[PDB]
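Structure file final_7.csv (CSV, C-alpha atoms and all ligand atoms) is printed below.
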chain,number,residue,atom,x,y,z
A,3,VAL,CA,11.3,28.7,12.4
A,4,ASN,CA,8.0,30.5,12.6
A,5,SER,CA,6.5,33.3,14.6
A,6,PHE,CA,4.0,31.2,16.8
A,7,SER,CA,4.9,32.0,20.4
A,8,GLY,CA,4.0,30.5,23.8
A,9,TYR,CA,2.8,27.1,22.5
A,10,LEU,CA,3.2,23.8,24.4
A,11,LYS,CA,4.5,21.1,22.1
A,12,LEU,CA,2.4,18.0,22.2
A,13,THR,CA,4.0,15.9,19.4
A,14,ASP,CA,6.5,16.3,16.6
A,15,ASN,CA,3.9,18.4,14.6
A,16,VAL,CA,1.1,19.5,17.0
A,17,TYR,CA,1.3,22.5,19.3
A,18,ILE,CA,-1.3,24.0,21.7
A,19,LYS,CA,-2.0,27.3,23.4
A,20,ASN,CA,-4.7,28.9,25.5
A,21,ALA,CA,-5.6,31.7,23.2
A,22,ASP,CA,-8.4,33.6,21.3
A,23,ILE,CA,-7.9,32.4,17.7
A,24,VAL,CA,-9.0,35.9,16.5
A,25,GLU,CA,-6.3,37.6,18.5
A,26,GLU,CA,-3.7,35.0,17.5
A,27,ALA,CA,-4.5,35.4,13.8
A,28,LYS,CA,-4.3,39.2,14.0
A,29,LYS,CA,-0.9,39.0,15.7
A,30,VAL,CA,0.7,36.2,13.6
A,31,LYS,CA,-1.0,36.7,10.3
A,32,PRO,CA,-0.5,33.1,9.4
A,33,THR,CA,-0.6,31.7,5.9
A,34,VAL,CA,-3.7,29.6,6.9
A,35,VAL,CA,-6.3,30.1,9.6
A,36,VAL,CA,-8.8,27.3,10.0
A,37,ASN,CA,-12.5,28.2,10.4
A,38,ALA,CA,-14.9,25.8,12.2
A,39,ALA,CA,-17.4,26.1,9.3
A,40,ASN,CA,-20.8,24.6,8.6
A,41,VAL,CA,-21.8,23.3,5.1
A,42,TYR,CA,-23.6,26.6,4.3
A,43,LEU,CA,-20.7,28.8,5.4
A,44,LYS,CA,-23.2,30.6,7.7
A,45,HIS,CA,-20.8,32.1,10.2
A,46,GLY,CA,-23.2,32.8,13.0
A,47,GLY,CA,-21.5,31.8,16.2
A,48,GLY,CA,-18.7,29.9,17.9
A,49,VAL,CA,-15.3,30.3,16.2
A,50,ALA,CA,-16.9,31.1,12.8
A,51,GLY,CA,-19.0,33.9,14.2
A,52,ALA,CA,-16.0,35.4,15.9
A,53,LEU,CA,-13.7,35.1,12.9
A,54,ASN,CA,-16.4,36.6,10.6
A,55,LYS,CA,-17.0,39.5,13.1
A,56,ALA,CA,-13.3,40.3,13.1
A,57,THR,CA,-13.5,40.7,9.3
A,58,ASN,CA,-16.3,43.2,9.5
A,59,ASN,CA,-18.6,40.6,7.8
A,60,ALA,CA,-16.3,40.4,4.7
A,61,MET,CA,-15.9,36.7,5.3
A,62,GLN,CA,-19.7,36.2,5.2
A,63,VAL,CA,-20.0,38.2,2.0
A,64,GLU,CA,-17.3,36.2,0.3
A,65,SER,CA,-18.8,32.9,1.6
A,66,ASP,CA,-22.3,33.8,0.3
A,67,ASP,CA,-20.9,34.2,-3.2
A,68,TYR,CA,-19.0,30.9,-2.9
A,69,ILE,CA,-22.2,29.0,-1.9
A,70,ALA,CA,-24.2,30.7,-4.7
A,71,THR,CA,-21.7,29.4,-7.2
A,72,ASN,CA,-20.7,26.0,-5.8
A,73,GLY,CA,-23.4,24.9,-3.4
A,74,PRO,CA,-22.9,23.6,0.1
A,75,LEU,CA,-19.8,21.8,1.3
A,76,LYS,CA,-19.8,18.2,2.5
A,77,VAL,CA,-19.5,17.4,6.2
A,78,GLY,CA,-15.8,16.4,6.5
A,79,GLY,CA,-15.0,18.7,3.6
A,80,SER,CA,-13.4,22.1,3.2
A,81,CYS,CA,-12.7,25.1,0.9
A,82,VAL,CA,-10.0,27.7,0.7
A,83,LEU,CA,-11.1,31.3,0.8
A,84,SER,CA,-9.5,34.6,1.6
A,85,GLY,CA,-8.1,35.2,5.1
A,86,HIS,CA,-9.1,38.9,4.9
A,87,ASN,CA,-7.4,40.9,7.7
A,88,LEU,CA,-6.6,37.7,9.7
A,89,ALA,CA,-4.4,35.5,7.5
A,90,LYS,CA,-3.5,35.0,3.9
A,91,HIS,CA,-6.1,32.2,3.5
A,92,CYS,CA,-8.9,30.8,5.5
A,93,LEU,CA,-9.4,27.0,5.3
A,94,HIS,CA,-13.1,26.5,6.1
A,95,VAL,CA,-13.4,23.0,7.4
A,96,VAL,CA,-16.7,21.3,8.3
A,97,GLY,CA,-16.4,19.0,11.3
A,98,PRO,CA,-19.5,16.9,12.2
A,99,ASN,CA,-22.0,18.7,14.4
A,100,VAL,CA,-23.1,16.3,17.1
A,101,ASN,CA,-26.1,18.6,17.9
A,102,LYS,CA,-27.3,17.8,14.3
A,103,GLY,CA,-26.8,14.0,14.7
A,104,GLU,CA,-23.8,13.9,12.3
A,105,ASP,CA,-21.4,11.0,12.3
A,106,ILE,CA,-18.4,11.6,14.6
A,107,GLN,CA,-16.4,9.3,12.4
A,108,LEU,CA,-16.3,12.2,9.9
A,109,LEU,CA,-14.0,14.0,12.3
A,110,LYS,CA,-11.0,12.2,10.9
A,111,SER,CA,-12.0,13.1,7.3
A,112,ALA,CA,-12.3,16.8,8.5
A,113,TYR,CA,-8.8,16.8,9.9
A,114,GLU,CA,-7.4,15.3,6.7
A,115,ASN,CA,-8.0,18.6,5.0
A,116,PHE,CA,-5.2,20.1,7.2
A,117,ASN,CA,-2.6,17.9,5.5
A,118,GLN,CA,-2.9,20.0,2.3
A,119,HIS,CA,-1.2,22.9,4.1
A,120,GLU,CA,2.3,22.9,5.6
A,121,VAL,CA,1.4,25.1,8.6
A,122,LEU,CA,-2.0,26.1,10.1
A,123,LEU,CA,-3.5,28.0,13.0
A,124,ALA,CA,-6.6,26.1,14.0
A,125,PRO,CA,-9.3,25.4,16.6
A,126,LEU,CA,-10.3,21.9,17.7
A,127,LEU,CA,-12.7,20.7,15.1
A,128,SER,CA,-16.2,19.8,16.3
A,129,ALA,CA,-15.6,21.2,19.7
A,130,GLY,CA,-17.5,24.1,21.3
A,131,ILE,CA,-21.0,24.5,19.9
A,132,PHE,CA,-20.5,21.6,17.5
A,133,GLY,CA,-20.9,19.3,20.6
A,134,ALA,CA,-18.1,16.8,20.4
A,135,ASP,CA,-15.7,15.9,23.2
A,136,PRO,CA,-12.7,18.2,22.8
A,137,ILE,CA,-10.4,15.5,24.3
A,138,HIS,CA,-11.5,13.2,21.5
A,139,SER,CA,-11.0,16.0,18.9
A,140,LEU,CA,-7.4,16.5,20.1
A,141,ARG,CA,-6.7,12.8,19.8
A,142,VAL,CA,-8.0,12.6,16.3
A,143,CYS,CA,-6.0,15.7,15.4
A,144,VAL,CA,-2.7,14.2,16.6
A,145,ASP,CA,-3.4,10.9,14.9
A,146,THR,CA,-4.5,12.4,11.6
A,147,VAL,CA,-2.7,15.7,10.9
A,148,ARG,CA,0.9,15.3,9.8
A,149,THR,CA,1.6,18.9,8.9
A,150,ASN,CA,2.4,21.6,11.5
A,151,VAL,CA,-0.7,22.6,13.4
A,152,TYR,CA,-0.9,25.3,16.1
A,153,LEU,CA,-4.1,24.8,18.1
A,154,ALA,CA,-5.8,27.7,19.9
A,155,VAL,CA,-8.1,26.8,22.7
A,156,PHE,CA,-10.2,29.8,24.0
A,157,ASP,CA,-11.3,28.3,27.3
A,158,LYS,CA,-8.5,28.3,29.9
A,159,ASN,CA,-10.2,25.6,32.0
A,160,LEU,CA,-10.5,23.4,28.9
A,161,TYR,CA,-6.9,24.1,27.8
A,162,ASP,CA,-5.6,22.8,31.2
A,163,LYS,CA,-7.8,19.7,31.0
A,164,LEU,CA,-6.6,19.0,27.4
A,165,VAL,CA,-2.9,19.2,28.4
A,166,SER,CA,-3.2,17.3,31.7
A,167,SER,CA,-5.1,14.5,30.1
A,168,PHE,CA,-3.0,14.2,26.9
A,169,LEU,CA,-1.5,10.8,26.3
B,1,LIG,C1,-22.5,15.4,28.9
B,1,LIG,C2,-21.4,16.3,28.4
B,1,LIG,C3,-20.9,17.1,29.4
B,1,LIG,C4,-19.9,18.0,29.2
B,1,LIG,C5,-19.3,18.1,28.0
B,1,LIG,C6,-19.8,17.3,27.0
B,1,LIG,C7,-20.8,16.4,27.1
B,1,LIG,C8,-19.2,17.4,25.7
B,1,LIG,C9,-18.1,18.5,25.5
B,1,LIG,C10,-17.4,19.0,26.8
B,1,LIG,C11,-16.7,20.3,26.4
B,1,LIG,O1,-15.8,20.7,27.1
B,1,LIG,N1,-16.9,21.0,25.2
B,1,LIG,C12,-16.3,22.2,24.8
B,1,LIG,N2,-15.5,22.5,23.7
B,1,LIG,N3,-15.1,23.8,23.8
B,1,LIG,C13,-15.6,24.4,24.9
B,1,LIG,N4,-16.3,23.5,25.6
B,1,LIG,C14,-17.1,23.7,26.8
B,1,LIG,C15,-16.5,24.8,27.6
B,1,LIG,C16,-16.0,26.1,26.9
B,1,LIG,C17,-15.4,25.8,25.5
B,1,LIG,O2,-18.3,19.1,27.9

Would you write the structure of this file as structure tokens?
Ligand SMILES: Cc1ccc2c(c1)CC[C@@H](C(=O)Nc1nnc3n1CCCC3)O2
Amino acid sequence: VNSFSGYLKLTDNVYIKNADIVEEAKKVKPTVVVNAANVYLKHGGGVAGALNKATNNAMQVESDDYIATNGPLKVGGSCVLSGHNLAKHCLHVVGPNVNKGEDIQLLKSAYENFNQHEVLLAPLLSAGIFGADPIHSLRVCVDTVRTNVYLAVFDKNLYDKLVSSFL
């Protein structure tokens, strides 16, 4: 039993809710919140910009030190950093950005990072400003993630389309 509330169950391990991931994280304080990161951990907009804003830019400060030490992530890769006031940890995961021409096949690799954590609060990878089809992202999530994932979808219209079209 966990404290996630109001989710629709899609499969044995995948759950979904129309919610602002920032507000969900502040309420639940999950062990892991997933960020929709880019390889430079520049959290300018989309989910990343919103999560970082909620940390009063502390996420960005920590991320800049991470990059200065380690260099950029790989597309499809991840790193674990602090969750600040939102969660114990933040798993920064880089899905492919279609608006940069990146290989959508890397979306499965991106979701594989979730399997290193027993329970996660997450957005749909590569959705939103990353330009992929969110219906496809949900399909890859369900077919790749085996751990318990609670998906937050900000847009109510999109949430209803994702549920109604789910196979
Ligand atoms: C030609 C073409 C037309 C429409 C279209 C796509 C492509 C790809 C993605 C899709 C989409 O819904 N993306 C998305 N993911 N999170 C959100 N949105 C949009 C609305 C709010 C939040 O829409």

> Can you tell me which residues sit at most 9 Å away from ligand LIG 1 (chain B), counting only C-alpha atoms and all ligand atoms, written as an MDAnalysis selection string?
Replying inline: chainID A and resid 126 128:137 155:161 163

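Nearest residue to residue 104 of chain A, choosing from A:80, A:40, A:5, A:33 and counting only C-alpha atoms: A:40.
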
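Taking atom CA of residue 149 of chain A and atom CA of residue 27 of chain A as the two end points, the separation is 18.3 Å.
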
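Ranking A:48, A:103, A:85, A:98 by their shortest atom-to-atom distance to residue 36 of chain A, with only C-alpha atoms included, puts A:85 first.
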
>> Report as number ranges by chain all protein, DNA and RNA residues lying within 12 Å of residue 88 of chain A, evaluated on all atoms listed in the file, omitting residues in the same chain fewer than 2 positions from it.
In response: A: 23-37, 52-58, 60-61, 83-86, 90-93, 123

> What is the atom CA of residue 21 of chain A-atom CA of residue 154 of chain A distance in Å, reported with one decimal?
Replying inline: 5.2 Å

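Atom to atom, atom CA of residue 117 of chain A and atom CA of residue 16 of chain A stand 12.2 Å apart.
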
Segment 93-127 of chain A near segment 11-15 of chain A within 12 Å: what's each residue's closest atom pair and its distance in Å to one decimal, counting all atoms listed in the file, ordered by chain then ascending residue number, as JSON lines?
{"residue": "A:116", "atom": "CA", "partner": "A:15", "partner_atom": "CA", "distance": 11.9}
{"residue": "A:117", "atom": "CA", "partner": "A:15", "partner_atom": "CA", "distance": 11.2}
{"residue": "A:120", "atom": "CA", "partner": "A:15", "partner_atom": "CA", "distance": 10.2}
{"residue": "A:121", "atom": "CA", "partner": "A:15", "partner_atom": "CA", "distance": 9.3}
{"residue": "A:122", "atom": "CA", "partner": "A:15", "partner_atom": "CA", "distance": 10.7}

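Of the listed residues A:75, A:109, A:151, A:140, the one whose atoms come nearest to residue 164 of chain A is A:140, with distances taken using all atoms listed in the file.
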
Please provide the set of residues having any atom within 12 Å of residue 114 of chain A, restricted to only C-alpha atoms, with same-chain residues fewer than 2 positions apart removed, written as a compact mmCIF listing (two decimals) with C-alpha atoms, in the frame of the given file.
# COMPACT_ATOMS: atom_id res chain seq x y z
CA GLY A 78 -15.80 16.40 6.50
CA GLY A 79 -15.00 18.70 3.60
CA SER A 80 -13.40 22.10 3.20
CA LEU A 93 -9.40 27.00 5.30
CA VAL A 95 -13.40 23.00 7.40
CA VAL A 96 -16.70 21.30 8.30
CA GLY A 97 -16.40 19.00 11.30
CA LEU A 108 -16.30 12.20 9.90
CA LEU A 109 -14.00 14.00 12.30
CA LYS A 110 -11.00 12.20 10.90
CA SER A 111 -12.00 13.10 7.30
CA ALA A 112 -12.30 16.80 8.50
CA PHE A 116 -5.20 20.10 7.20
CA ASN A 117 -2.60 17.90 5.50
CA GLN A 118 -2.90 20.00 2.30
CA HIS A 119 -1.20 22.90 4.10
CA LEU A 127 -12.70 20.70 15.10
CA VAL A 142 -8.00 12.60 16.30
CA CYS A 143 -6.00 15.70 15.40
CA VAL A 144 -2.70 14.20 16.60
CA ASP A 145 -3.40 10.90 14.90
CA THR A 146 -4.50 12.40 11.60
CA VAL A 147 -2.70 15.70 10.90
CA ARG A 148 0.90 15.30 9.80
CA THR A 149 1.60 18.90 8.90
CA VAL A 151 -0.70 22.60 13.40

> Could you tell me, as number ranges by chain, which residues have any atom at most 12 Å from (-24.2, 29.3, 0.2), counting only C-alpha atoms?
Replying inline: A: 39-45, 62-75

Complete the atoms of segment 71-101 of chain A to N, CA and C atoms and put them out as a PDB file, in the coordinates of the input.
ATOM      1  N   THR A  71     -22.328  30.005  -6.031  1.00  0.00           N
ATOM      2  CA  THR A  71     -21.700  29.400  -7.200  1.00  0.00           C
ATOM      3  C   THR A  71     -21.555  27.912  -7.110  1.00  0.00           C
ATOM      4  N   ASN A  72     -21.178  27.398  -5.935  1.00  0.00           N
ATOM      5  CA  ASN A  72     -20.700  26.000  -5.800  1.00  0.00           C
ATOM      6  C   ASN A  72     -21.650  25.120  -5.007  1.00  0.00           C
ATOM      7  N   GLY A  73     -22.619  25.671  -4.287  1.00  0.00           N
ATOM      8  CA  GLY A  73     -23.400  24.900  -3.400  1.00  0.00           C
ATOM      9  C   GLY A  73     -22.731  24.541  -2.113  1.00  0.00           C
ATOM     10  N   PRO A  74     -23.434  23.854  -1.213  1.00  0.00           N
ATOM     11  CA  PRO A  74     -22.900  23.600   0.100  1.00  0.00           C
ATOM     12  C   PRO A  74     -21.666  22.649   0.068  1.00  0.00           C
ATOM     13  N   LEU A  75     -20.832  22.788   1.093  1.00  0.00           N
ATOM     14  CA  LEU A  75     -19.800  21.800   1.300  1.00  0.00           C
ATOM     15  C   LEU A  75     -20.356  20.512   1.819  1.00  0.00           C
ATOM     16  N   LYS A  76     -19.497  19.492   1.870  1.00  0.00           N
ATOM     17  CA  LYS A  76     -19.800  18.200   2.500  1.00  0.00           C
ATOM     18  C   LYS A  76     -19.338  18.282   3.984  1.00  0.00           C
ATOM     19  N   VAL A  77     -20.061  17.590   4.869  1.00  0.00           N
ATOM     20  CA  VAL A  77     -19.500  17.400   6.200  1.00  0.00           C
ATOM     21  C   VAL A  77     -18.247  16.530   6.070  1.00  0.00           C
ATOM     22  N   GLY A  78     -17.161  17.003   6.688  1.00  0.00           N
ATOM     23  CA  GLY A  78     -15.800  16.400   6.500  1.00  0.00           C
ATOM     24  C   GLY A  78     -15.033  17.141   5.416  1.00  0.00           C
ATOM     25  N   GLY A  79     -15.643  18.054   4.657  1.00  0.00           N
ATOM     26  CA  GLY A  79     -15.000  18.700   3.600  1.00  0.00           C
ATOM     27  C   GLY A  79     -14.512  20.130   3.942  1.00  0.00           C
ATOM     28  N   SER A  80     -13.989  20.830   2.938  1.00  0.00           N
ATOM     29  CA  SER A  80     -13.400  22.100   3.200  1.00  0.00           C
ATOM     30  C   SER A  80     -13.347  22.921   1.863  1.00  0.00           C
ATOM     31  N   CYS A  81     -13.097  24.218   2.013  1.00  0.00           N
ATOM     32  CA  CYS A  81     -12.700  25.100   0.900  1.00  0.00           C
ATOM     33  C   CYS A  81     -11.753  26.122   1.384  1.00  0.00           C
ATOM     34  N   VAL A  82     -10.922  26.609   0.468  1.00  0.00           N
ATOM     35  CA  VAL A  82     -10.000  27.700   0.700  1.00  0.00           C
ATOM     36  C   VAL A  82     -10.557  28.987   0.225  1.00  0.00           C
ATOM     37  N   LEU A  83     -10.684  29.969   1.111  1.00  0.00           N
ATOM     38  CA  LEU A  83     -11.100  31.300   0.800  1.00  0.00           C
ATOM     39  C   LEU A  83     -10.116  32.307   1.315  1.00  0.00           C
ATOM     40  N   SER A  84     -10.407  33.593   1.139  1.00  0.00           N
ATOM     41  CA  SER A  84      -9.500  34.600   1.600  1.00  0.00           C
ATOM     42  C   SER A  84      -9.425  34.581   3.165  1.00  0.00           C
ATOM     43  N   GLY A  85      -8.253  34.935   3.691  1.00  0.00           N
ATOM     44  CA  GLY A  85      -8.100  35.200   5.100  1.00  0.00           C
ATOM     45  C   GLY A  85      -8.391  36.590   5.537  1.00  0.00           C
ATOM     46  N   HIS A  86      -8.715  37.471   4.596  1.00  0.00           N
ATOM     47  CA  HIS A  86      -9.100  38.900   4.900  1.00  0.00           C
ATOM     48  C   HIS A  86      -7.995  39.500   5.722  1.00  0.00           C
ATOM     49  N   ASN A  87      -8.318  40.186   6.811  1.00  0.00           N
ATOM     50  CA  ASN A  87      -7.400  40.900   7.700  1.00  0.00           C
ATOM     51  C   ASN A  87      -6.728  39.921   8.693  1.00  0.00           C
ATOM     52  N   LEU A  88      -7.047  38.627   8.663  1.00  0.00           N
ATOM     53  CA  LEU A  88      -6.600  37.700   9.700  1.00  0.00           C
ATOM     54  C   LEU A  88      -5.467  36.790   9.284  1.00  0.00           C
ATOM     55  N   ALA A  89      -5.344  36.493   7.995  1.00  0.00           N
ATOM     56  CA  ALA A  89      -4.400  35.500   7.500  1.00  0.00           C
ATOM     57  C   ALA A  89      -4.393  35.639   5.980  1.00  0.00           C
ATOM     58  N   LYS A  90      -3.431  34.985   5.330  1.00  0.00           N
ATOM     59  CA  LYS A  90      -3.500  35.000   3.900  1.00  0.00           C
ATOM     60  C   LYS A  90      -4.709  34.258   3.366  1.00  0.00           C
ATOM     61  N   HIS A  91      -4.950  33.055   3.884  1.00  0.00           N
ATOM     62  CA  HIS A  91      -6.100  32.200   3.500  1.00  0.00           C
ATOM     63  C   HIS A  91      -6.823  31.760   4.722  1.00  0.00           C
ATOM     64  N   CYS A  92      -8.114  31.502   4.528  1.00  0.00           N
ATOM     65  CA  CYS A  92      -8.900  30.800   5.500  1.00  0.00           C
ATOM     66  C   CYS A  92      -9.328  29.449   4.925  1.00  0.00           C
ATOM     67  N   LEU A  93      -8.959  28.373   5.616  1.00  0.00           N
ATOM     68  CA  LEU A  93      -9.400  27.000   5.300  1.00  0.00           C
ATOM     69  C   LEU A  93     -10.695  26.776   6.107  1.00  0.00           C
ATOM     70  N   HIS A  94     -11.843  26.816   5.431  1.00  0.00           N
ATOM     71  CA  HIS A  94     -13.100  26.500   6.100  1.00  0.00           C
ATOM     72  C   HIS A  94     -13.309  25.029   6.090  1.00  0.00           C
ATOM     73  N   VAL A  95     -13.321  24.429   7.279  1.00  0.00           N
ATOM     74  CA  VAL A  95     -13.400  23.000   7.400  1.00  0.00           C
ATOM     75  C   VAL A  95     -14.677  22.647   8.204  1.00  0.00           C
ATOM     76  N   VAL A  96     -15.454  21.700   7.686  1.00  0.00           N
ATOM     77  CA  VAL A  96     -16.700  21.300   8.300  1.00  0.00           C
ATOM     78  C   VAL A  96     -16.483  20.010   9.094  1.00  0.00           C
ATOM     79  N   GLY A  97     -16.394  20.123  10.412  1.00  0.00           N
ATOM     80  CA  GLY A  97     -16.400  19.000  11.300  1.00  0.00           C
ATOM     81  C   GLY A  97     -17.897  18.573  11.492  1.00  0.00           C
ATOM     82  N   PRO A  98     -18.148  17.322  11.869  1.00  0.00           N
ATOM     83  CA  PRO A  98     -19.500  16.900  12.200  1.00  0.00           C
ATOM     84  C   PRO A  98     -20.043  17.688  13.416  1.00  0.00           C
ATOM     85  N   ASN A  99     -21.315  18.077  13.345  1.00  0.00           N
ATOM     86  CA  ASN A  99     -22.000  18.700  14.400  1.00  0.00           C
ATOM     87  C   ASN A  99     -22.846  17.701  15.165  1.00  0.00           C
ATOM     88  N   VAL A 100     -22.426  17.331  16.375  1.00  0.00           N
ATOM     89  CA  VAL A 100     -23.100  16.300  17.100  1.00  0.00           C
ATOM     90  C   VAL A 100     -24.564  16.785  17.448  1.00  0.00           C
ATOM     91  N   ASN A 101     -24.760  18.089  17.622  1.00  0.00           N
ATOM     92  CA  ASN A 101     -26.100  18.600  17.900  1.00  0.00           C
ATOM     93  C   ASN A 101     -26.996  18.583  16.642  1.00  0.00           C
TER      94      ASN A 101
END
